[PDB]
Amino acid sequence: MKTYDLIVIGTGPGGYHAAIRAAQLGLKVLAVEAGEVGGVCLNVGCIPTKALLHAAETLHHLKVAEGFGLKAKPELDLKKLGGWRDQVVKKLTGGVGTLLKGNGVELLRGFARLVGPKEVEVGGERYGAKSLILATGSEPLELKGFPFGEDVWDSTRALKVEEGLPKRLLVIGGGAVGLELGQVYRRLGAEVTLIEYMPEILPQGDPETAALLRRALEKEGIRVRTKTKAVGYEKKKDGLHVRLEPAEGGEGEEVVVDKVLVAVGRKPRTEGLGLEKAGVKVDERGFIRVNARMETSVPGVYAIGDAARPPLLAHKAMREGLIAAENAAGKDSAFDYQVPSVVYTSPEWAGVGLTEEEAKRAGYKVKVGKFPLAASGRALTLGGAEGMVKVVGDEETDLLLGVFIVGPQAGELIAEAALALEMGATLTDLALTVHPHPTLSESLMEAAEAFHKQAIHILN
């Protein structure tokens, strides 16, 4: 029986943040990892996908570049691209390993399973601690009628673009994963059709900015079918005959592709984890029930990231890991923050706060401000606008409630919006902050001006 102050299961964004923070706070920590250090985000999620998207955007932008004199006959070596992707991933995961050891955290490789409230079994050996933090993450969610196989891919397989690009790809799911991977394949030369059950892509975010992203993707040749669901498929000589139907069911239609990417969600990795031997409550979907302190139904046992609750985002997991670590260390921390969401497509999509509908439901007197990128000098100097900023606020208190952005660098600009919400900023605070000219960030400032009908670069 080897003991520690804390045992962290999983070294993904959540787990390694928890391990490190706890260590900084004086705790003796043991971190357990069954696969690659760094979790999904660094190995088969955020990182490799962002890498591929950057290469795709670089290639894509050359078409606009011909417009300003850049002549070139681009040829993209997919094996070399995959190599760079692997290189980036290795650098970052090795980096996490050095951070853990540099902080004095003990790393044990193997699959950890609880055998009790405060005891874990790994490789037949027992380990105990005063506090446990469950950061097991999630995995690709299977879709009825589309079992993963040689022709039905999950996001991990989709990352391996060097294993041959299909001529025709069908993407199931209009969330961040489907959209990003759909655009990567499209830019790399494939025909791409994406289907989404809900009325609009990114059903969790603002419909207006999401629609603008969809139209932009459609302009690139990506066929997007909303209010449509995939029911099944039949493999024939000419390809996979996929059967589609209206969301609410009805007349069936068919589409033929070479491969299918299923990106309809994630399943928390909470089965076979010994939770039923420790008394840890799990909800119907597999998520470990937790409170703002990230505490489970069992005192001293915390759960964070994808294993604890949606949204299944990295920065969220990271912050949750810090909260759980701090409390395990004796502090009184709690998670009560605005969590932004970003889609790294081109244009990018980003959002934080309340959508127009959520604000209304919350009882606010909803008012909005909008600013198109077409009126942006910076957008023009970057090769041409394509997007908009929408701010949602209360017409009575002038409080900023939500921000949605579609355009280049949307992901970088949403942090300012996140800060604004945390600081309790009003639309006037945002409008009165002097944003640098010329920059894409100005769109947030002018959207705020537009909210008060006094934007300068557009007629009100």
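The first residue of the shown sequence is 1; numbering continues from there.
- Across the two stretches, 66-74 and 45-53, the PDB entry reports the greater mean Cα temperature factor for 66-74.
- Comparing 146-154 with 271-279, the higher mean C-alpha B-factor in the PDB entry belongs to 146-154.
- If you compare the C-alpha temperature factors of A18, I9, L25, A448 in the entry, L25 comes out highest.
- For the set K316, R215, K390, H241, the PDB entry puts the maximum C-alpha B factor at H241.
- Placement of the Cα temperature factor of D398 within the chain: middle third of the modelled residues, per the deposited record.
- The entry lists a Cα temperature factor for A329 that places it in the highest third of the chain's modelled residues.
- Among the modelled residues of its chain, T345 has a C-alpha B-factor that falls in the lowest third according to the deposited record.
- Sort the modelled residues of the chain by CA B factor and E180 lands in the lowest third.
- Annotation for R85: CA B-factor lies in the lowest third of the chain's modelled residues.
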